[PDB]
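Form deposited in one PDB entry, single chain, as structure tokens, below.
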């Protein structure tokens, strides 16, 4: 209901938010001590400085008609009728501390052609000159704050965040640009909330809970007014929640937002417009008292709110503004600039429109607002008022009547104890953060907070993206034989190889075979050596005593061939344990049959000659034995011609199983040669059953039959053991040896023990 009026030739209107938006019962409550009173005193100070300037409007004195908007658009629009009710007359309006108020006032003012310059309105909608064609401002739009915030988020690897925004033209227009800029930097948003004009504490707690619903998103982005930010921070403190805040210029660097909720706000990052303090305004504002500053109608209420006193008790005289500290507001410069800009415009008009006189002129009595705005408002160019030493600034408007984009970045920190605000880098055309000043980001404290949906998969895991969400992937493990060729897919190697340590490689593994130094090779080798030594000893004994009647009673040539066969029977253990080659496989295929053929042929001839006792000479006997041996050899030669002498490396469903080196298919030759021997054995047994006759010095073929029986029992009992363990061929070939050696040892003991018994125990 109050208005500030100062007489002058030309009157400039003003609009400031002196009072905060009251509650339901009352339209307007408490006073704004920083964004209200100080800005108004700045405008008054600029007017006073202009009115004693000889170079700027020497003969024209500027008046003022200042109103209060009370942070509400309807109240501001109701008050704004005073500017247009005259058509005293108002040339232009320096106003706007909010975007809704500015838009509503511009919509009304454009119908009467009244220029308007704003000092704090940063909405992008106002750059459309087809809708708002009477408007200028000294601040940049919100097109660049979204870019700055997106780059700040991208710097710290924050890819999963949450946006809280306010309702109107500042909050939604800013968040749409932030969402576009996030899209252009591969970022992703989880949830979105909005705050209404009328909101209670319970709804704020609901917003906090909705933010807490997603635990992975620990970063909250705010495009909010100061009151909404204060209430949200208070609610978060009450509910004991912890977030890392990134806020717009609504929070700025105000101390009232974080008053009483210091614990919740610590570690936040905020953006503010770049500015400097003015030295004259401090000395001007620190000399004001209610008994001299009569022209301001809202000063006494501010005095009572500030110093907590009352003029009724006559106790407010002691207090003074000098003793208490002074913290100048950020946008004061902008306010001063706006006023000076308008002044300069009018000066140029007065210089061009009528150069004859210095006072006002009959042509310029009713000022034209189209000419003034279109020609002179947008073409102003001067040096900034009260500029700090060694710094250069300038006052200009773009095509859209907007300012220049420069911002400063602040953190809230806990001192060594009171809380203060510090610069952490500029932002002009690209970020320039200095990470040393932020406490939460020096590495002594800990690693930087995290805001990702899903953690990075391991080198052995692969990524399969879930449809509908880029930021979140599910890790998977590859088969143990599989290597990871690319980030989102892995393949398997060709059989015979194994993944590299880095798992981006294929490597041929260790070919495995039985080795000489193994105990499983040592044992059979020792047994074979002992058998060979025993055979040599028996041969040496028979040779040494070759003239005794008992030795002469038996054949000597057949004894020698049988001893040689026994020796070959033993040597095969050693042949069959040797590393496979081009020659060793041939010996493995040959010697088994050769040994059986030699031994069984010797037995056959011995029984044949005893049974017959034609062609009984020691040479007919040698010929028959050699023919019987050569028969088996014929088959081996044929097999060598029929099949291929070679080897093979295999694999099995269990791919881990190493590629063993084995000989080629040996089915037909071995089994057939089996016949070259088992049939011969059967004939020998038959002739032994027929040799029971004509007893010789011995002719106890009861021993040869027993030998054959024991051999059949032996081998025939290896067949169950084999299938039992068809794997581990290295241990598989630890039965063929130990059966062949046993058969040979049975034959040797059977044939030689009675003769040695006679040789030793009796003279005969």
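Residue numbers count along the first chain shown, from 1. Between two forms, the rigid core is the largest collection of C-alphas that superpose within 1.5 Å.
The segment from residue 416 to residue 417 is interrupted, since 1 to 3 residues of the deposited sequence in that interval carry no coordinates. In the deposited entry, the stretch joining residue 613 to residue 614 is interrupted by 10 or more residues of the deposited sequence lacking coordinates.
This protein has a second form, the form deposited in another entry, left out of what is shown; the following refers to that one.
Core-superposed comparison between this form and the one not shown: among 361, 203, 437, 675, the single residue whose C-alpha moves by 2 Å or more is 675. In the core-superposed comparison between this form and the one not shown, the C-alpha atom of residue 251 has shifted by less than 2 angstroms. Core-superposed comparison between this form and the one not shown: the C-alpha position of residue 656 differs by no less than 2 Å. Shown in the overlay between this form and the one not shown, fitted on the rigid core, is a CA shift at residue 119 smaller than 2 Å. Note: residue 468-residue 193 Cα separation is 3 Å or more longer in that other deposited form than here. Figure legend: C-alpha atoms of residue 258 and residue 19, shown here, are separated by at least 3 angstroms less in that other deposited form.
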